[PDB]
Structure formats: structure tokens, C-alpha cells
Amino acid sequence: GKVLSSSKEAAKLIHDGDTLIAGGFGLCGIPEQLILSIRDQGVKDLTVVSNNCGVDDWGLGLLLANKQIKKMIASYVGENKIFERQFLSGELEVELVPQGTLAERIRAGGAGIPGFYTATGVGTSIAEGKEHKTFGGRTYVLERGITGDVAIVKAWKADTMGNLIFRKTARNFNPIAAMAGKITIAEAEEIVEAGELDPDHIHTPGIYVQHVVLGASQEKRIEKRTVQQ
């Protein structure tokens, strides 16, 4: 079907200089396995688009700490002491983008929209060099669709035709990233046969996903584990 035997194979589909778009919010709903395979392949000068950069230990932070990223496009960085010093060196270019704008940009690129207007960021440094236009007496700024060479995304389940369902807040950017990728690789905790997913349950139709791999369910890292008893 759409299924690949291993993340190794799958990782060969990312090349030096690609735009990687990666699902996940924090450590949640992240393609941990694809990222590991990528780190091992050693691929370089990536521009990576993802909401955050994992932690310095896990997720996208692994790419950062192996020196694989030329440029990060994200809404929030966090506590990466590997992060701060690559930036300050000139060797890492960062584009901090408002989260809502980042989501809608990835959607846009996937949806064929080259640009759209939003109020988010008006009168802010984010507005710099963007088109400003007035609608009903108020200012909006133009934001441009983002598109990637590869998208890497994490699902609760996939079927062999690439249909994805997600789970709780592990959904986040994964579906919208699936759309914007020239080559979309879905990492899943369960791979079922085509037909086990109710078509009305499916969150990202198979058309957006070109390959699929099995990933891990047992070891999910919780960044901060806040509880009561």
C-alpha cells in the first residue's frame, strides 16, 4: 500500500536543503521516530517549519543539536541552550511567526492560497515588509502560503491508503502539515487495513499522505507532568 517497512527508508526522502514541515505541539503529537531517523541520515541545511523546536533532548531539538538546520520557522522556541547560540552565531536564521498565522500559512500553501490577510501582527515587527490593506475601516497584513518539500506528521491511526485519525490535542499542526508537503510521511501508532476507519471519523484524507510508517505508543514523553491526587 502506502506503507514503508522502516523510518530509515522513509528518511531517505528528505534531502540536503529541503523545507521540512513537522507536526506536533511541544512534545505532543510529534513524529519522534521520523526525526530520529532523520538525525541518523545526517541530512543538512534544512529549513524546518514547525510550531516549536521540541526540547534540546527530544523531537526537533535533535536536529538542531546535530547542526542540521539552516533556518527555523516557528511561533515559540522555549528552553534550548543549543538554540540560543546557533542563532547568535549567524549560523541559524530564525523566523518567529505568530502561531495562528503559522497554522493558516501552512494550510494556505496546502490549499493553493498564495496569500491571505489577517489583523494578527498589525503595528508590530511582524508587519514589516508585508502588504497592508484596509477592509471595513481596519488594517490587515498579507501573509504568504508556506509549502514544503517534505512534511513529517504523527497520527493515532493510519490505514494503508494513508487516511489518518488523531487523538486529543496530539492533532494540532499534523493535519495541516500533511497538506502542505510535496511528500507527506505519516508516522502512526497503529496501521490498520483500509476500511477499519469510519470515513466520517477520518481527520486527514488519504490523498494528502504519500507514505506511512509504524511508530511508538509506549514511551510518549510528557514534557511537564502536572497532576493532583
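Numbering starts at 1 and runs along the sequence shown.
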Of 173 to 181 and 35 to 43, the stretch with the higher mean C-alpha B-factor in the deposited entry is 35 to 43
Looking only at C-alpha temperature factors in the entry, 140 to 148 or 70 to 78, the higher average sits in 70 to 78
Whose C-alpha has the highest temperature factor in the PDB entry: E104, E131, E91, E95? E91
Third of the chain's Cα B-factor distribution that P199 belongs to, per the entry: highest
Based on the deposited C-alpha B factors for this chain, I'd like to know if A155 is in the lowest, middle or highest third. middle
Of the three thirds of its chain by CA temperature factor, lowest, middle or highest, which one includes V209? middle
Compare the C-alpha B factor of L164 with those of the other modelled residues in its chain, then answer lowest, middle or highest third. middle
Could you look up the Cα B-factor of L62 in the entry and say which third of the chain it sits in: lowest, middle or highest? middle
